[PDB]
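Below you'll find the structure, written out as structure tokens, and then a few comments.
Protein chains: 4
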Amino acid sequence: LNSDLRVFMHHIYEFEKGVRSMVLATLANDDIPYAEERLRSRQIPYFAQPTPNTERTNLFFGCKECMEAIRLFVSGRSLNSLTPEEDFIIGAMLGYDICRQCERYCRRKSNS
Amino acid sequence: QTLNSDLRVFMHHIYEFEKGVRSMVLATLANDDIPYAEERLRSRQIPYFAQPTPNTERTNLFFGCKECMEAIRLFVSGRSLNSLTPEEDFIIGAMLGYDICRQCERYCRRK
Amino acid sequence: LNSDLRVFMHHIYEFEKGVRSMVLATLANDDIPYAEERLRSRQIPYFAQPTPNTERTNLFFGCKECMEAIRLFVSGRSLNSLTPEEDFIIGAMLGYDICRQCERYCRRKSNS
Amino acid sequence: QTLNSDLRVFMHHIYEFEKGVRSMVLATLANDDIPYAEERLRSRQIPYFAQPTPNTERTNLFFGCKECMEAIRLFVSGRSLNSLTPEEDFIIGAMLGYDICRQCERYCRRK
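Protein chains in written order, with PDB author numbering: chain B, 6 to 117; chain A, 4 to 114; chain B', 6 to 117; chain A', 4 to 114. A prime marks a further copy of an entry chain.
Structure representation (structure tokens):
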């Protein structure tokens, strides 16, 4: 079990205790089968998004409702190409403080 | 106490915000009641943003952290809450303290 | 529908949208049947606690797990007789900010 | 990056705290790693409380809001995390950002 994976497992423990409603883990393509097996053993919903120009995959996991949501606007897009609104909602799903998210939304709207 | 149900809820929401249950509150109040409401908010140092309503003799009074006050000014000013995109809708719900998995489902339904 | 009840209904709307995991409403004994019916229509778990020396009842509602929890230490006791620990956990169940709760715990431990 | 998995998680937790996902973090680290960890925390202005561990060459490093730092000093100092009452256990979990309904169930099991 490599470093990326030891860290993924830690995220699983936190999701189970209900720290947050969604997690994003970036892993090597080769480590994705194993990561997904660990999620399936626990019945934790997930959505994998391969990154076109790498051998790395964004593995989202969390409540089913947010898996269904991230598919409707993250599918086939880059995460750095999200609107300030889409970014707010990603951060909120990830468990970020809302006032914090309100601040970076304003910053996106102002800093441009 | 000696206040109407709208204002009891309004005060209740002031307590929630003060207890940190949520970052923003939307209160809708009769226009004769907002001088009192704004006095309460100013007294407690609570940032707010007032705006009109489809139903004329009422005012939407948002209050909460200054961060979200500045965010809502940016997308709610001059606009009905029923005219928002699904993404705008999620953001507003998230700011009001609504469960994020619930928001995801609602988003999926609209979208 | 009286003032206490118009306000209770508002709490129901907030619980449904998932603002918090538990709510406490204090109502007249006479208004409790109606309040409980509204909770049952929505399948919202609840626990009523009559207040001995009044005609008022503390109606807790929220997730089943916290209903089962408040029964193990609130049953047959006054809410103002809770330890600083029990108070922390009540506030946390009610959705209060945790740093806030850490502050009032310290204050209970210090202010005595 | 060039840091070990414990420290990547440690940094990750620093980001969570900074993003306001949770009010407190418990990191358990090898003793040679805590000078670095404390430097990171001091640099970012993050309050912390270090304490020993059943497993000798390791240190429990709690960090988070000053409010909860003062709370944990009060009931964790000199004490193993496995010696806590069910109520103490709930409080610690709540401070770490654990779902409150989950905490209620765990509390019921112990109690």
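Each residue gets a CB set at the ideal place from its N, CA and C atoms; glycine is no exception.
Between the alpha carbons of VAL24(B) and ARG25(A') lies a gap of roughly 7 Å.
Chain A' places no beta carbon closer than 9 Å to that of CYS111(B), leaving this residue out of the contacts. Within the segment 39-59 of chain B, no residue has a Cβ lying closer than 8 Å to any Cβ of chain A. Annotated three-state conformation of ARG61(B) is strand, per DSSP.
At least 9 Å separates the CB of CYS68(A) from every CB of chain B'. When the five nearest sequence neighbours on each side are left out, the beta carbons in the same chain lying within less than 8 Å of the beta carbon of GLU60(A') are those of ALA33, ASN34, in order along the chain. Contact between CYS107(A') and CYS71(B') holds, since their C-beta atoms are separated by about 4 Å, short of 8 Å.
Residues of chain A' whose Cβ lies closer than 8 Å to the Cβ of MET98(B') are, in chain order, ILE103, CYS107. Inclusion of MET14(A') and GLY67(A') in the CB contact set at 9 Å is not warranted, their separation being larger than that value. Distance from the CA of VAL79(A) to the CA of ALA97(A), rounded to the nearest whole angstrom, comes to 15 Å. For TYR39(A), the number of other beta carbons within 10 angstroms of its own is below 16, and it is reported as exposed.
Looking at the backbone, the Cα of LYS69(B') and that of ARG76(B') are separated by about 11 Å.
Residue contact check for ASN7(A') against chain B: a CB pair falls below 9 Å.
At a C-beta separation below 8 Å, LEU77(B') has these neighbours in chain A': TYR110, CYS111, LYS114. For the C-beta of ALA74(A'), the chain B' residues within less than 7 Å are, from N- to C-terminus, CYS107, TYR110, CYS111. Listed in chain order, the non-local C-beta contacts of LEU29(A) below 7 Å within the same chain comprise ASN63, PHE65, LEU99, local neighbours out to five positions each way being set aside. Shown here, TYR51(A') sits in a strand according to DSSP, grouped into three states.
Residue-level contact check: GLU21(B) does not touch chain A, since none of the beta carbons of chain A fall below 9 Å from its beta carbon. If you draw a 10 Å sphere on the C-beta of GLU42(A), you find fewer than 16 other C-beta atoms in it, and that means exposed. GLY96(A) carries a helical assignment under DSSP once its states are collapsed to helix, strand and coil. Under a criterion of Cβ atoms nearer than 8 Å, the residues of chain B' adjacent to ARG11(A) are, in order, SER8, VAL12. Here the C-alpha atom of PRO57(B) lies approximately 46 Å from the C-alpha atom of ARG47(B'). The beta-carbon of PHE65(A') is placed no less than 9 Å from the nearest beta-carbon of chain B'. DSSP lists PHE66(B) as the beta-bridge partner residues of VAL28(B). Contact annotation, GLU73(A) with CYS111(B): C-beta distance approximately 5 Å; criterion of less than 8 Å satisfied. Of all residues in the segment 25-39 of chain A', only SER26 place a beta-carbon less than 7 Å from a beta-carbon of chain B'.
In this structure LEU44(A) is buried. Its beta-carbon is surrounded by 16 or more other beta-carbon atoms within 10 angstroms. Burial is judged here by how many other beta carbons sit within 10 angstroms of a residue's own beta carbon; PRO55(A') has fewer than 16 and is exposed. For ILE94(A), the closest Cβ of chain B is nearer than 9 Å. It is roughly 9 Å from the alpha-carbon of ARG11(A) to the alpha-carbon of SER8(B'). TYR110(B): member of the alpha helix (DSSP H) spanning 103-116, first to last residue.
According to DSSP, residue pairing for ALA33(A') in a beta bridge involves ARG61(A').
Cα atoms of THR88(A) and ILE95(B): separation of roughly 16 Å, rounded to the nearest angstrom.
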